[PDB]
Ligand SMILES: [Ca+2]
Ligand SMILES: [Cl-]
Ligand code: NA
Ligand SMILES: [Zn+2]
């Protein structure tokens, strides 16, 4: 039974783009359809966010905040100074200015979207003491985001999120394989990587870094520059936050708010081998993961640095163990779902036999009823007591 009227907001991972980008092929639904549209049509009011795919969680959290309330992205004077990029990004009209007046949202996030969402809550609740002190000391203005004592997220749901990172980052030639993954996603959207499109197609939103695909430049050639740029080589990146190491550092300061419900969905798409119990990709796993990513994830161990057999089950991109909520460096509490959702803790909603891209429809999986999945989820979120 419906207990709240908060709209849902969709948030992508280290790939992702707006409803007008990719010629309208949806990150949220890919080849199966349009998930925002299903939810709207069933009376669950839903919006989509689009933030820097490769950018740091912090950056994406600041971009999400401006996209929601309205205004110019403000990364924080201290952060901008420390990392070497613009303080101010683009300007948004604001999807939900009512959040300034007591409105709230449910955030549904995929992949690294799940770190960004947790970071947005943490920033709203506590702000950033570093940003507050720096503003005072240098006599510059301060984004309300960094003050603290704000609240507008009623729930965060995460789907296949690397809360404790993914070992994929430790692969040899991770750099080249990761950009090949970006190319494989362009291909699923029927977009070539060797064509210098004059339309934008896929905006990496790297205003703060001063980076933009050039006239006459293809995605192949762009990515070769990106690989060599600060959005790939600095610690202020999705790359850094995605590693077991960065993820743990994030968990050190991004904690669960007592005022927000947390829901986690875990994914797996592998089988256990008969030799040493390595994991291998199942049939139907998206081809790029099955060939390039899954063998690595299902066999890479580091008994010193925590990584043992529990890490081998994966969804083709993320270790399944990483997904039920943050554990390394975290004091958040994770409880199995028991039929009542509780505020302030991770309600682990179970593991689904779906891969990283299938769960958002970017790869087909006809045995997966993705429409029922996301409708069932909208209905549980609509039942949450405010
Ligand atoms: Ca498939
Ligand atoms: Cl450039
Ligand atoms: Na992604
Ligand atoms: Zn930054």
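Between 211, 250, the distinction of being farther than 28 Å from residue 164 by Cα and either surrounded by 21 or more Cβ atoms within 10 Å (Cβ to Cβ) or more than 16 Å from ligand 3 (Cβ to nearest atom) (or both) belongs to 211 only. Among the numbered conditions (1) in a helix (DSSP H, G or I); (2) surrounded by 16 or more Cβ atoms within 10 Å (Cβ to Cβ), the only one that residue 165 does not meet is (1). Residues of region 70-117 that are in contact (Cβ under 8 Å) with a residue 40 or more places away in the chain, more than 16 Å from ligand 4 (Cβ to nearest atom) and either surrounded by fewer than 21 Cβ atoms within 10 Å (Cβ to Cβ) or not in a strand (DSSP E or B) (or both): 95, 96, 99, 103, 104, 111, 113, 114, 117. Is it the case that residue 264 is in a loop (DSSP other than H, G, I, E, B) and surrounded by 17 or more Cβ atoms within 10 Å (Cβ to Cβ)? For residue 264, the condition - in a loop (DSSP other than H, G, I, E, B) and surrounded by 17 or more Cβ atoms within 10 Å (Cβ to Cβ) - is not met. Only a single item in (1) touching a helix residue (DSSP H, G or I) at 6+ places or on another chain (Cβ under 7 Å); (2) in contact (Cβ under 8 Å) with a residue 60 or more places away in the chain is not met by residue 210, and it is number (1). Close Cβ contacts (under 8 Å, 6 or more residues apart or on different chains) running from residues in region 43-58 that are under 22 Å from residue 146 (Cβ atoms) and without any contact (Cβ under 8 Å) to a residue 60 or more places away in the chain to residues that are within 13 Å of ligand 3 (Cβ to nearest atom) and in a strand (DSSP E or B) comprise 49/10; 49/11.
Every residue, every condition in (1) in a strand (DSSP E or B); (2) in contact (Cβ under 8 Å) with a residue 24 or more places away in the chain; (3) surrounded by 23 or more Cβ atoms within 10 Å (Cβ to Cβ), yes or no:
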residue	(1), (2), (3)
351	yes, yes, no
356	no, yes, yes
359	no, yes, yes
363	no, yes, yes
366	no, no, no
373	no, no, no
377	no, yes, no
385	no, yes, no
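Here Cβ is always computed from backbone atoms with ideal geometry, including for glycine, and neighbour counts include all displayed protein chains. Just so you know, all these numbers are worked out from the coordinates, no wet-lab data involved.
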